[PDB]
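This report concerns only the one structure given below.
Chains as they are written, first to last, in the entry's author numbering: chain V, 100 to 148; chain U, 1284 to 1332.
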C-alpha cells in the first residue's frame, strides 16, 4: 500500500511485488567397508557351535 | 526581523529557504520539496560552530 499526499509528487500506483524462492536439495553419502569374508559367512548356514 | 514569535513560527512551519538536498553526491538546492523535511537552527540564529 501507499500513503496519499497533499503536495505535488508523482503518486506511485497500487504496486504489487511477486517474489519467488527456489529449493535447494542436499545429498549426503558415506562409505562403510564390509569384507567379503564375513559376508560369505553370513550367506551360509551354521551346524557347529 | 518580523518578531520573535513570527520567527519561531517561520522556523517550525516551513523551510526557512533553500536547504541542501538528499542522497546526492554534491549538495544541490531543493526546489520542489516533495519528500524532504528538515530544520536548520544555523539559519535560525545566523552563527556557525
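Note that the Cβ used here is the ideal one computed from N, Cα and C, for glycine as well.
ask   = If you check the beta carbons only, do residue 1302/U and residue 1321/U fall under 8 Å apart?
value = yes
task = Indicate whether at least one CB of chain V lies closer than 8 Å to the CB of residue 1307/U.
result = no
request  = With DSSP collapsed to three states, give me the class of residue 1313/U.
outcome  = coil
key: Neighbourhood of residue 1311/U by C-beta distance below 8 Å, restricted to the same chain and skipping five residues each side   = 1303, 1304
ask   = Just the Cα atoms here: how many angstroms apart are residue 108/V and residue 1317/U?
value = 6 Å
key: CA-to-CA distance, residue 1308/U to residue 1331/U, given in whole angstroms   = 23 Å
ask   = Apart from the five residues on each side of it in sequence, which residues of its chain come closer than 6 Å, Cβ to Cβ, to residue 1313/U?
value = 1304, 1319
message = Rounding to the nearest angstrom, what Cα-Cα distance links residue 1315/U and residue 101/V in this structure?
response = 20 Å
ask   = With distances taken between CB atoms, is the gap from residue 1326/U to residue 1299/U smaller than 8 Å?
value = yes
query = Whose Cβ in chain A lies nearer than 9 Å to the Cβ of residue 1317/U?
reply = No chain A is part of this structure, whose protein chains are labelled V and U.
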